[PDB]
Amino acid sequence: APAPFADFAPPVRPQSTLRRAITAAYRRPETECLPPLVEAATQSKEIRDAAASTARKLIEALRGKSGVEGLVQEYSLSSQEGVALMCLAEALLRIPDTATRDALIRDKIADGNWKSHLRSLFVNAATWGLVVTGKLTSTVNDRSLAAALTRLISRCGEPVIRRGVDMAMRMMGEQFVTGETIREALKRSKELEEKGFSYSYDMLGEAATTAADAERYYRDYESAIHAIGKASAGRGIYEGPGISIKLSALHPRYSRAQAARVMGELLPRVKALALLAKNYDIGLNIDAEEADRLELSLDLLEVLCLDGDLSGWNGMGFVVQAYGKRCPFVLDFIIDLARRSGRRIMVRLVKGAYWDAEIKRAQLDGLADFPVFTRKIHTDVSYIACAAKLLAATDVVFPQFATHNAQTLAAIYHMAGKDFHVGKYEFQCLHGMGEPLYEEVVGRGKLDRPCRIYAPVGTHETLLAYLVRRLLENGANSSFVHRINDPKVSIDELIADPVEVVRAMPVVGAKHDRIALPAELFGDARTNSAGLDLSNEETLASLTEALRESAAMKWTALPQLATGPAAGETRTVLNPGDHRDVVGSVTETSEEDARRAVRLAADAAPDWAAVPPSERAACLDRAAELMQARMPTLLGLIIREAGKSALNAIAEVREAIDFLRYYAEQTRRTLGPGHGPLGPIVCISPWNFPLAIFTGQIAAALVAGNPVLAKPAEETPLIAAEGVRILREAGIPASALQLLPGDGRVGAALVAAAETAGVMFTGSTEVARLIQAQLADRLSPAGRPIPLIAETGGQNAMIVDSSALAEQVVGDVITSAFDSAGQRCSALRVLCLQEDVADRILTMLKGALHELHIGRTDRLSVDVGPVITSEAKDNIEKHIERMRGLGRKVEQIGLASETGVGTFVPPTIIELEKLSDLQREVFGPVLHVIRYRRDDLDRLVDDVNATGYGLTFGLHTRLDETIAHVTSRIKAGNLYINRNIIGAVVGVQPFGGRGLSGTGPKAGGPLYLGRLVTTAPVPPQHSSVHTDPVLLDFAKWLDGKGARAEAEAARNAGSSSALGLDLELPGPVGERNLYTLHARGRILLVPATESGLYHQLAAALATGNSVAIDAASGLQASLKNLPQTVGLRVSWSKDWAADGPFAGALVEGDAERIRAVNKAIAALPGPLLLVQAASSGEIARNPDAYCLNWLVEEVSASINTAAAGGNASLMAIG
Ligand SMILES: Cc1cc2nc3c(=O)[nH]c(=O)nc-3n(C[C@H](O)[C@H](O)[C@H](O)COP(=O)(O)OP(=O)(O)OC[C@H]3O[C@@H](n4cnc5c(N)ncnc54)[C@H](O)[C@@H]3O)c2cc1C
Ligand SMILES: NC(=O)c1ccc[n+]([C@@H]2O[C@H](COP(=O)([O-])OP(=O)(O)OC[C@H]3O[C@@H](n4cnc5c(N)ncnc54)[C@H](O)[C@@H]3O)[C@@H](O)[C@H]2O)c1
Ligand SMILES: O=C(O)[C@H]1C[C@@H](O)CN1
Ligand SMILES: [Mg+2]
């Protein structure tokens, strides 16, 4: 039995002094990075003047000497017409045969309806939009483009189509790439090679998703090396052409977490390509990618440079990104490696291509700082400083200065001084972008310095995939290429010396004012939880020791009553991934002590209620500090007790921290003397978020002033006991927070206890129904239903159309379906693929499936851990075998023998014929796939809704029409656009569904605390200026009937309603997080009096709902001659169970009438109903007898606005 965490994340090799200096700089504060860079980049006044003159000369030549602009001019096109035309030209070029395409244009496209003859034409419109307008729009307004394309064709006809086709053909065949194939690219390189340029070919592969894709990219590189080396014909690595590769193209799991696979499987592939480059004597450059791959790539560079089979060849090259804080230390390492190995490493210095993605990632992960600079001028200074370091080592490395910035170029040109020979260093530029600058540089008549052209090679599909990222390299507001084209930017501004400008700033190296550090994402409201960087070797080494120590601890969970720990039946808690690994011991609670705990809570309630809200909130904030400090140890417990991976355990502790701080802030914003607590609240939680959901429910109840009985899932008591220990250390009194470990019998005893004043339940819908049933014939001392929050299961779907990028879809599907072994309530259960792309995406998905590592989760390399119990495993496997027995296609990963010691289910894909093939939530790593025809999209949304669930939902599309359609018709609480559907963030995606998935209000949202007091406060930002028009029609009807007091109450409800609230919540860049209040649906009304019915109807209509009124009320004559608009929303119901499902209920009557109705309502099939009751007298006395908070439904929508390949908002941030 392997020791826990003994092999958690050992590095590839012991970290040298040079390597550790790199790691130390990873997230170094920006003010600490700049001063040494300023010092290193400093040049003499003589040089700075000479560089400025050269820079001015180059820029004057650039401005002294486009196709799309001339096309827009000739045909008077609007921007949308220009984009639509380029999309049409792109589509026409998918027709391979020239005569056939020309015939379609002449006889069909020009004459009118282009729709019939021509997957949306506008799939790549965000890319063409950048081309036409210079502005990035993340999604495509396909109805605007369709309108513009019809308009331009009907106005201008075949000539404009011809011009569009020929322009797109030139751009996609000769500008965005040097050629479609390596042979074509080589043929076109002769012209500039004769003038003194060289080439490095970029085959455009990246981000392999499957073994087959990595193999395809490998064979493309290998074939390109042969063609380039044949053409080099002995010219060598400096004069002759070379190749560039991306390591992410050569393995589907290129990551630090998979370091062993990288060294074992990716490294031999690079070596084979390098051996071929060596034989032809051409350059082979390793391109630089995301920041979390930098240090891992160094391990490959080290092995290759030390491998004697590659000796005698100096063509190995490596990119370093000057926007990165580690850049100078990476160069120190590379220069030393060059000295040790005797290989003259070709070092391409670039600024960096992934800036906006690095900002978003660091924010999402809650890390200490960014791994890149946040001011563009800082990158410029870094670049020049690293250039000085490189130019001092030309005996051992070959510097390659890749830049389009004439100021940067001139600074390095004069820095390098007067001595030059071919092979000392070179500049580089991008094909079809940098030639105007570099034709002022290459040649005996210019600056006589060589330039290597980075030459993309590929088909239209290949080049379009990540063209947005490449357009942003030189197209952002701060980009030199964009600025030199802006006539409002002077040459003096262009030649400004970044080194001196930074030096003279008040705070050298200050972070950009408009970019929040991850900890400050929420500003003054609350402090963001902090994560851990699992790509940082220092972090991995520190975490390894803390995790090991956590496994040595003797974790226990005891029934912690107000008077102290109680005796009970004790048993061990076993690691689900290996039952030989005992994690701790739990003493479980007798039914007698559970009842005793509620009585003690009831006796403790006044003392806890008297602690002022700000001080209760202070306890929560102290608890969050404690959990943040204890995160490494907490991770170890979650990993071993709950079978979670390290990344998921980090996210879980972060969620708990966020709950504590969010409910603390919401309390400080709202709670006052008039918001009295309910009393003892029973909090019952599931095993699958054994810290986060456990803590969230308890913290909310406590901060609202209620003593809590905490009943954690029987599977996961230890982390719950540790959460309670932390809350108590933070100042929560023992009488206010009691822990009752045990099974559902303990939960049921707590619910049934006489003094229970409210229940918070997260778990299965079936169990929630039993709790609902026990509460049905029960009332508070004030004669109202006992509040129940019941947040339950999902049958979560994702819809993917033919405009989505397969690689993005597959990554989001694999994560959403199989993260945590599918044991998230938010997990993806049903993937719906548009028929035309289904086979290609399915192939990729199955390939990605087999790249997952399943095993005990005390290893960083494990992607999917065990399921929680043997019972769960048997349940999940029974479902799989039933599907397999029905003839459905089933794909499964094979499991390692080591999994036999625990309870594992292999990630599984099941192909279904119809969504009805599924019955209930299958809580495991089981993805179901259905296909749909595009015209059936609306029916498909019906099918998703028809399950009765409504928790999470995902949509992958670039098309605004499809977004508007699908999001308006789906009925789910958490929507996700162009991203995964998991990991909802507290206060950013308030989490919770409708129907069979929840009663609400949402955990992590602003309505939550108001459910836990007897008089709900007004939440922050909670209002709407919109008035429901059916409510207004009803108020006029009431006035016409003479019911003046009820008409006024109706108008008051119309104003008080927050229906229509529509807010954007603060969160990370590159995402828009929206929170809206909608109608719940159809509310069951059970009135007793005429006035009661009118008040109930006003409340329901003001919140946008329809109603079913109990026909047994005998009040039909009270609603004669309703306006048609109101009548459309009103039905009368004799058999309530026939006329559902409902989304809530309003009841009027005395205590025993409420009890009888509540019992009948609980017996209705389907969703748990949030019921509100009032007496006739309370309706007369209290305008808020029925609280409008619970008659609206919260919807959270998270849209990935960077999905197109970049962040438009951050293009303005430099
Ligand atoms: C031949 C060649 C090879 C390349 N290889 C790679 C590669 O392997 N890996 C890679 O990542 N990219 C690569 N690039 C791209 C390069 O990193 C730059 O993104 C791009 O060329 C623009 O930089 P610049 O010096 O041309 O222009 P500039 O306009 O001077 O510089 C623009 C750059 O400034 C940086 N920047 C912009 N805003 C900010 C900000 N707010 N804070 C901090 N920095 C900011 C970004 O890096 C941006 O690209 C390559 C470029 C060329 C020409
Ligand atoms: N909507 C959400 O936010 C959300 C979040 C996480 C999990 N879930 C759901 O939770 C389920 C998985 O978690 P689980 O297996 O722990 O759920 P579960 O229903 O089996 O148990 C949840 C808790 O209820 C208790 N319980 C069982 N019977 C009870 C009874 N008769 N009376 C009172 N308490 C009783 C259990 O001991 C446990 O503490 C899934 O269906 C998942 O979708 C929902
Ligand atoms: O996994 C998720 O989406 C978040 C919300 C809740 O389910 C707990 N974790
Ligand atoms: Mg269960």
# chains A, B, ... in the order shown; residues from 1 in each chain; ligands from 1
call {"tool": "residues_near_ligand", "arguments": {"ligand": "ligand 2", "cutoff": "6 Å", "atoms": "only C-alpha atoms and all ligand atoms", "output": "list in words"}}
result
residues 684, 685, 686, 687, 688, 711, 712, 713, 714, 743, 744, 747, 748, 762, 763, 764, 767, 770, 771, 791, 792, 793, 794, 825, 992, 997 and 998 of chain A
call {"tool": "residues_near_ligand", "arguments": {"ligand": "ligand 3", "cutoff": "6 Å", "atoms": "only C-alpha atoms and all ligand atoms", "output": "ChimeraX atom specification"}}
result
/A:824-826,982-984,991
call {"tool": "write_last_selection", "arguments": {"atoms": "N, CA and C atoms", "output": "PDB file, in the first residue's frame"}}
result
ATOM      1  N   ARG A 824     -20.302  16.147  -9.549  1.00  0.00           N
ATOM      2  CA  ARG A 824     -20.793  17.487  -9.302  1.00  0.00           C
ATOM      3  C   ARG A 824     -22.264  17.508  -9.661  1.00  0.00           C
ATOM      4  N   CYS A 825     -23.073  18.210  -8.860  1.00  0.00           N
ATOM      5  CA  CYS A 825     -24.464  18.373  -9.264  1.00  0.00           C
ATOM      6  C   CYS A 825     -24.569  19.145 -10.571  1.00  0.00           C
ATOM      7  N   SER A 826     -23.583  20.001 -10.863  1.00  0.00           N
ATOM      8  CA  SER A 826     -23.513  20.793 -12.090  1.00  0.00           C
ATOM      9  C   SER A 826     -22.964  20.018 -13.285  1.00  0.00           C
ATOM     10  N   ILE A 982     -19.310  23.937 -15.016  1.00  0.00           N
ATOM     11  CA  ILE A 982     -19.020  23.540 -13.648  1.00  0.00           C
ATOM     12  C   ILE A 982     -18.267  24.648 -12.911  1.00  0.00           C
ATOM     13  N   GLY A 983     -18.208  24.499 -11.596  1.00  0.00           N
ATOM     14  CA  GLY A 983     -17.384  25.398 -10.816  1.00  0.00           C
ATOM     15  C   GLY A 983     -17.972  26.784 -10.644  1.00  0.00           C
ATOM     16  N   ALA A 984     -19.294  26.880 -10.480  1.00  0.00           N
ATOM     17  CA  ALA A 984     -19.923  28.166 -10.224  1.00  0.00           C
ATOM     18  C   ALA A 984     -19.248  28.865  -9.051  1.00  0.00           C
ATOM     19  N   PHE A 991     -25.556  30.181  -7.545  1.00  0.00           N
ATOM     20  CA  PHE A 991     -25.793  28.824  -8.017  1.00  0.00           C
ATOM     21  C   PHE A 991     -27.108  28.266  -7.485  1.00  0.00           C
TER      22      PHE A 991
END
call {"tool": "residues_near_ligand", "arguments": {"ligand": "ligand 1", "cutoff": "6 Å", "atoms": "only C-alpha atoms and all ligand atoms", "output": "PyMOL selection string"}}
result
chain A and resi 287-289+319+321+323+350-355+373-376+379+402-405+428-430+454+473-474+479-480+1213-1214
call {"tool": "residues_around", "arguments": {"residues": "residue 306 (chain A)", "least_positions_apart": "6", "cutoff": "12 Å", "atoms": "only C-alpha atoms", "output": "list in words"}}
result
residues 271, 299, 300, 312, 313, 316, 337, 338, 339, 340, 341, 342, 343 and 345 of chain A
call {"tool": "write_last_selection", "arguments": {"atoms": "N, CA, C and O atoms", "output": "PDB file, in the first residue's frame"}}
result
ATOM      1  N   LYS A 271      12.760  14.772 -30.159  1.00  0.00           N
ATOM      2  CA  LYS A 271      14.091  14.283 -30.505  1.00  0.00           C
ATOM      3  C   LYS A 271      14.122  13.732 -31.922  1.00  0.00           C
ATOM      4  O   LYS A 271      15.059  14.006 -32.681  1.00  0.00           O
ATOM      5  N   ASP A 299      12.662  21.641 -19.283  1.00  0.00           N
ATOM      6  CA  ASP A 299      13.127  20.278 -19.060  1.00  0.00           C
ATOM      7  C   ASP A 299      13.363  19.551 -20.377  1.00  0.00           C
ATOM      8  O   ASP A 299      14.336  18.795 -20.515  1.00  0.00           O
ATOM      9  N   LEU A 300      12.505  19.793 -21.375  1.00  0.00           N
ATOM     10  CA  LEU A 300      12.736  19.209 -22.689  1.00  0.00           C
ATOM     11  C   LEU A 300      13.969  19.815 -23.349  1.00  0.00           C
ATOM     12  O   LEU A 300      14.794  19.091 -23.926  1.00  0.00           O
ATOM     13  N   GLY A 312      26.800  18.151 -32.763  1.00  0.00           N
ATOM     14  CA  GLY A 312      27.263  18.637 -34.049  1.00  0.00           C
ATOM     15  C   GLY A 312      26.310  19.570 -34.759  1.00  0.00           C
ATOM     16  O   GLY A 312      26.671  20.126 -35.805  1.00  0.00           O
ATOM     17  N   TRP A 313      25.118  19.777 -34.213  1.00  0.00           N
ATOM     18  CA  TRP A 313      24.083  20.594 -34.825  1.00  0.00           C
ATOM     19  C   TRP A 313      23.765  21.734 -33.876  1.00  0.00           C
ATOM     20  O   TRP A 313      23.562  21.510 -32.680  1.00  0.00           O
ATOM     21  N   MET A 316      19.008  23.851 -32.906  1.00  0.00           N
ATOM     22  CA  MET A 316      17.955  23.866 -31.901  1.00  0.00           C
ATOM     23  C   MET A 316      17.711  25.295 -31.428  1.00  0.00           C
ATOM     24  O   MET A 316      18.645  25.996 -31.010  1.00  0.00           O
ATOM     25  N   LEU A 337      23.020  26.707 -20.108  1.00  0.00           N
ATOM     26  CA  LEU A 337      22.843  25.424 -20.779  1.00  0.00           C
ATOM     27  C   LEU A 337      23.616  25.382 -22.092  1.00  0.00           C
ATOM     28  O   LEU A 337      24.203  24.356 -22.442  1.00  0.00           O
ATOM     29  N   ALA A 338      23.639  26.496 -22.823  1.00  0.00           N
ATOM     30  CA  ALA A 338      24.425  26.554 -24.049  1.00  0.00           C
ATOM     31  C   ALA A 338      25.912  26.370 -23.757  1.00  0.00           C
ATOM     32  O   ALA A 338      26.618  25.662 -24.489  1.00  0.00           O
ATOM     33  N   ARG A 339      26.407  26.992 -22.686  1.00  0.00           N
ATOM     34  CA  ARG A 339      27.813  26.822 -22.327  1.00  0.00           C
ATOM     35  C   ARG A 339      28.105  25.382 -21.930  1.00  0.00           C
ATOM     36  O   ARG A 339      29.093  24.790 -22.387  1.00  0.00           O
ATOM     37  N   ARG A 340      27.245  24.797 -21.088  1.00  0.00           N
ATOM     38  CA  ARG A 340      27.463  23.427 -20.617  1.00  0.00           C
ATOM     39  C   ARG A 340      27.422  22.431 -21.765  1.00  0.00           C
ATOM     40  O   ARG A 340      28.235  21.500 -21.822  1.00  0.00           O
ATOM     41  N   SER A 341      26.448  22.581 -22.659  1.00  0.00           N
ATOM     42  CA  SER A 341      26.243  21.612 -23.726  1.00  0.00           C
ATOM     43  C   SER A 341      27.132  21.867 -24.926  1.00  0.00           C
ATOM     44  O   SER A 341      27.321  20.957 -25.741  1.00  0.00           O
ATOM     45  N   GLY A 342      27.673  23.078 -25.057  1.00  0.00           N
ATOM     46  CA  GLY A 342      28.413  23.427 -26.252  1.00  0.00           C
ATOM     47  C   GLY A 342      27.567  23.630 -27.486  1.00  0.00           C
ATOM     48  O   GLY A 342      28.117  23.660 -28.591  1.00  0.00           O
ATOM     49  N   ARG A 343      26.249  23.732 -27.328  1.00  0.00           N
ATOM     50  CA  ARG A 343      25.308  23.994 -28.415  1.00  0.00           C
ATOM     51  C   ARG A 343      25.007  25.485 -28.437  1.00  0.00           C
ATOM     52  O   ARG A 343      24.634  26.062 -27.409  1.00  0.00           O
ATOM     53  N   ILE A 345      22.617  27.766 -28.822  1.00  0.00           N
ATOM     54  CA  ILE A 345      21.158  27.747 -28.866  1.00  0.00           C
ATOM     55  C   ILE A 345      20.663  28.985 -29.591  1.00  0.00           C
ATOM     56  O   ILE A 345      21.127  30.102 -29.333  1.00  0.00           O
TER      57      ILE A 345
END
call {"tool": "residues_around", "arguments": {"residues": "region 37-46 of chain A", "least_positions_apart": "3", "cutoff": "6 Å", "atoms": "only C-alpha atoms", "output": "PyMOL selection string"}}
result
chain A and resi 34+49+382+384-385+499
call {"tool": "closest_residue", "arguments": {"among": "A:285, A:536, A:756, A:823", "to": "ligand 4", "atoms": "only C-alpha atoms and all ligand atoms"}}
result
A:823
call {"tool": "select_by_dssp", "arguments": {"residues": "region 762-971 of chain A", "states": "strand (DSSP E)", "output": "JSON, numbers by chain"}}
result
{"A": [762, 788, 789, 790, 791, 796, 797, 798, 799, 800, 828, 829, 830, 831, 832, 833, 834, 889, 890, 891, 892, 908, 909, 910, 911, 926, 927, 928, 929, 930, 931, 932, 952, 953, 954, 955, 956]}
call {"tool": "write_last_selection", "arguments": {"atoms": "N, CA, C and O atoms", "output": "CSV table (one decimal), in the first residue's frame"}}
result
chain,number,residue,atom,x,y,z
A,762,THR,N,-29.2,20.3,0.8
A,762,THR,CA,-28.6,20.0,-0.5
A,762,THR,C,-28.4,18.5,-0.6
A,762,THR,O,-27.8,17.9,0.3
A,788,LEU,N,-38.0,25.7,3.9
A,788,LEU,CA,-37.2,24.7,3.4
A,788,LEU,C,-36.5,25.2,2.2
A,788,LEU,O,-37.1,25.7,1.2
A,789,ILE,N,-35.1,25.2,2.2
A,789,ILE,CA,-34.4,25.4,1.0
A,789,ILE,C,-33.9,24.0,0.6
A,789,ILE,O,-33.3,23.3,1.4
A,790,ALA,N,-34.3,23.6,-0.6
A,790,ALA,CA,-34.0,22.2,-1.0
A,790,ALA,C,-33.3,22.3,-2.4
A,790,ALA,O,-34.0,22.5,-3.4
A,791,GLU,N,-32.0,22.2,-2.5
A,791,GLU,CA,-31.3,22.3,-3.7
A,791,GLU,C,-30.8,20.9,-4.1
A,791,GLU,O,-30.1,20.2,-3.4
A,796,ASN,N,-28.2,17.8,-16.6
A,796,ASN,CA,-27.7,19.0,-17.2
A,796,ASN,C,-27.2,18.7,-18.7
A,796,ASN,O,-26.5,17.8,-18.9
A,797,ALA,N,-27.6,19.6,-19.6
A,797,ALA,CA,-27.4,19.4,-21.0
A,797,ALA,C,-26.4,20.5,-21.5
A,797,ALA,O,-26.3,21.6,-20.9
A,798,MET,N,-25.7,20.2,-22.6
A,798,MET,CA,-25.0,21.2,-23.3
A,798,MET,C,-25.3,21.0,-24.8
A,798,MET,O,-25.3,19.9,-25.3
A,799,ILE,N,-25.7,22.1,-25.5
A,799,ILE,CA,-26.0,22.1,-26.9
A,799,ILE,C,-24.8,22.7,-27.7
A,799,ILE,O,-24.3,23.8,-27.3
A,800,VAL,N,-24.4,22.0,-28.7
A,800,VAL,CA,-23.2,22.5,-29.5
A,800,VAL,C,-23.7,22.5,-31.0
A,800,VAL,O,-24.2,21.5,-31.5
A,828,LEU,N,-22.0,17.8,-16.5
A,828,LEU,CA,-22.7,17.6,-17.8
A,828,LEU,C,-23.1,16.2,-18.0
A,828,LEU,O,-22.3,15.2,-18.0
A,829,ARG,N,-24.4,16.0,-18.2
A,829,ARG,CA,-25.0,14.6,-18.3
A,829,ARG,C,-25.4,14.3,-19.8
A,829,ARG,O,-25.3,13.2,-20.2
A,830,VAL,N,-25.8,15.3,-20.6
A,830,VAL,CA,-26.3,15.1,-21.9
A,830,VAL,C,-25.7,16.1,-22.8
A,830,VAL,O,-25.9,17.3,-22.7
A,831,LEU,N,-24.8,15.6,-23.8
A,831,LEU,CA,-24.2,16.5,-24.8
A,831,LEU,C,-25.1,16.4,-26.0
A,831,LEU,O,-25.4,15.2,-26.5
A,832,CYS,N,-25.5,17.5,-26.6
A,832,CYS,CA,-26.4,17.5,-27.8
A,832,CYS,C,-25.6,18.1,-28.9
A,832,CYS,O,-25.2,19.3,-28.9
A,833,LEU,N,-25.3,17.3,-30.0
A,833,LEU,CA,-24.4,17.8,-31.1
A,833,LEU,C,-25.2,17.9,-32.3
A,833,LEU,O,-26.0,17.0,-32.7
A,834,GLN,N,-25.0,19.0,-33.0
A,834,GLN,CA,-25.7,19.2,-34.3
A,834,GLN,C,-25.1,18.2,-35.3
A,834,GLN,O,-23.9,17.9,-35.3
A,889,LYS,N,-24.3,2.5,-28.1
A,889,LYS,CA,-22.8,2.5,-28.1
A,889,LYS,C,-22.2,3.1,-26.9
A,889,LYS,O,-22.6,4.2,-26.5
A,890,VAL,N,-21.3,2.3,-26.3
A,890,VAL,CA,-20.7,2.7,-25.0
A,890,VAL,C,-19.2,2.7,-25.1
A,890,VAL,O,-18.6,1.7,-25.6
A,891,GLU,N,-18.6,3.8,-24.8
A,891,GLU,CA,-17.1,4.0,-24.8
A,891,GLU,C,-16.6,4.1,-23.4
A,891,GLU,O,-17.2,4.9,-22.6
A,892,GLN,N,-15.6,3.3,-23.0
A,892,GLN,CA,-15.1,3.4,-21.7
A,892,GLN,C,-13.6,3.3,-21.7
A,892,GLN,O,-13.0,2.6,-22.5
A,908,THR,N,-17.1,7.3,-19.1
A,908,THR,CA,-17.9,6.6,-20.0
A,908,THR,C,-18.7,7.5,-20.9
A,908,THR,O,-19.2,8.5,-20.4
A,909,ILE,N,-18.8,7.2,-22.2
A,909,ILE,CA,-19.6,8.0,-23.1
A,909,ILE,C,-20.7,7.0,-23.7
A,909,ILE,O,-20.3,5.9,-24.2
A,910,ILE,N,-22.0,7.4,-23.6
A,910,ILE,CA,-23.1,6.5,-24.1
A,910,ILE,C,-23.8,7.3,-25.2
A,910,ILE,O,-24.3,8.5,-24.9
A,911,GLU,N,-24.0,6.8,-26.3
A,911,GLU,CA,-24.7,7.4,-27.4
A,911,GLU,C,-26.2,7.0,-27.4
A,911,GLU,O,-26.5,5.8,-27.5
A,926,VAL,N,-20.5,9.7,-16.5
A,926,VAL,CA,-21.2,9.0,-17.6
A,926,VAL,C,-21.8,10.1,-18.4
A,926,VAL,O,-22.8,10.8,-18.0
A,927,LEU,N,-21.3,10.3,-19.6
A,927,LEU,CA,-21.7,11.3,-20.5
A,927,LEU,C,-22.6,10.7,-21.6
A,927,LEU,O,-22.2,9.7,-22.2
A,928,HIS,N,-23.8,11.2,-21.8
A,928,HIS,CA,-24.7,10.8,-22.8
A,928,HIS,C,-24.7,11.8,-24.0
A,928,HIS,O,-24.6,13.0,-23.7
A,929,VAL,N,-24.7,11.3,-25.2
A,929,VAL,CA,-24.6,12.1,-26.4
A,929,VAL,C,-25.8,11.8,-27.2
A,929,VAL,O,-26.1,10.7,-27.6
A,930,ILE,N,-26.5,12.9,-27.6
A,930,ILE,CA,-27.5,12.8,-28.6
A,930,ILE,C,-27.2,13.8,-29.8
A,930,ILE,O,-26.5,14.8,-29.6
A,931,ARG,N,-27.8,13.5,-30.9
A,931,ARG,CA,-27.6,14.3,-32.1
A,931,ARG,C,-28.9,15.0,-32.5
A,931,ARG,O,-30.0,14.5,-32.2
A,932,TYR,N,-28.8,16.2,-33.1
A,932,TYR,CA,-30.0,16.9,-33.5
A,932,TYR,C,-29.7,17.6,-34.9
A,932,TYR,O,-28.6,18.0,-35.2
A,952,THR,N,-27.9,23.3,-14.3
A,952,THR,CA,-26.9,23.9,-15.2
A,952,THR,C,-27.2,23.6,-16.7
A,952,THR,O,-27.8,22.6,-17.0
A,953,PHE,N,-26.8,24.5,-17.5
A,953,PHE,CA,-27.0,24.3,-19.0
A,953,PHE,C,-25.9,25.0,-19.7
A,953,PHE,O,-25.5,26.1,-19.3
A,954,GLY,N,-25.3,24.4,-20.7
A,954,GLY,CA,-24.3,25.0,-21.5
A,954,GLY,C,-24.7,25.1,-23.0
A,954,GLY,O,-25.4,24.3,-23.6
A,955,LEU,N,-24.1,26.1,-23.6
A,955,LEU,CA,-24.3,26.4,-25.1
A,955,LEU,C,-23.0,26.8,-25.7
A,955,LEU,O,-22.4,27.8,-25.2
A,956,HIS,N,-22.6,26.1,-26.8
A,956,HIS,CA,-21.4,26.4,-27.5
A,956,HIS,C,-21.9,26.9,-28.9
A,956,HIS,O,-22.4,26.0,-29.7
call {"tool": "decode", "arguments": {"residues": "region 967-976 of chain A", "atoms": "N, CA and C atoms", "output": "PDB file, in the first residue's frame"}}
result
ATOM      1  N   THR A 967     -31.128  30.726 -25.059  1.00  0.00           N
ATOM      2  CA  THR A 967     -31.171  31.225 -23.679  1.00  0.00           C
ATOM      3  C   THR A 967     -32.554  31.734 -23.289  1.00  0.00           C
ATOM      4  N   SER A 968     -33.354  32.186 -24.257  1.00  0.00           N
ATOM      5  CA  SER A 968     -34.699  32.640 -23.926  1.00  0.00           C
ATOM      6  C   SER A 968     -35.650  31.482 -23.671  1.00  0.00           C
ATOM      7  N   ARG A 969     -35.365  30.305 -24.221  1.00  0.00           N
ATOM      8  CA  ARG A 969     -36.283  29.177 -24.147  1.00  0.00           C
ATOM      9  C   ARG A 969     -35.894  28.128 -23.114  1.00  0.00           C
ATOM     10  N   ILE A 970     -34.604  27.998 -22.791  1.00  0.00           N
ATOM     11  CA  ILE A 970     -34.175  27.042 -21.776  1.00  0.00           C
ATOM     12  C   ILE A 970     -34.646  27.518 -20.404  1.00  0.00           C
ATOM     13  N   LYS A 971     -34.964  26.568 -19.532  1.00  0.00           N
ATOM     14  CA  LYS A 971     -35.404  26.860 -18.169  1.00  0.00           C
ATOM     15  C   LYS A 971     -34.433  26.193 -17.201  1.00  0.00           C
ATOM     16  N   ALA A 972     -33.365  26.901 -16.863  1.00  0.00           N
ATOM     17  CA  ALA A 972     -32.362  26.377 -15.947  1.00  0.00           C
ATOM     18  C   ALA A 972     -31.780  27.552 -15.188  1.00  0.00           C
ATOM     19  N   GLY A 973     -31.234  27.259 -14.005  1.00  0.00           N
ATOM     20  CA  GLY A 973     -30.796  28.318 -13.117  1.00  0.00           C
ATOM     21  C   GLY A 973     -29.425  28.882 -13.404  1.00  0.00           C
ATOM     22  N   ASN A 974     -28.537  28.091 -14.005  1.00  0.00           N
ATOM     23  CA  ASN A 974     -27.170  28.522 -14.291  1.00  0.00           C
ATOM     24  C   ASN A 974     -26.848  28.210 -15.744  1.00  0.00           C
ATOM     25  N   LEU A 975     -26.696  29.256 -16.554  1.00  0.00           N
ATOM     26  CA  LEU A 975     -26.386  29.096 -17.968  1.00  0.00           C
ATOM     27  C   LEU A 975     -24.930  29.447 -18.213  1.00  0.00           C
ATOM     28  N   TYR A 976     -24.315  28.733 -19.160  1.00  0.00           N
ATOM     29  CA  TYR A 976     -22.901  28.908 -19.482  1.00  0.00           C
ATOM     30  C   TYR A 976     -22.738  28.945 -20.997  1.00  0.00           C
TER      31      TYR A 976
END
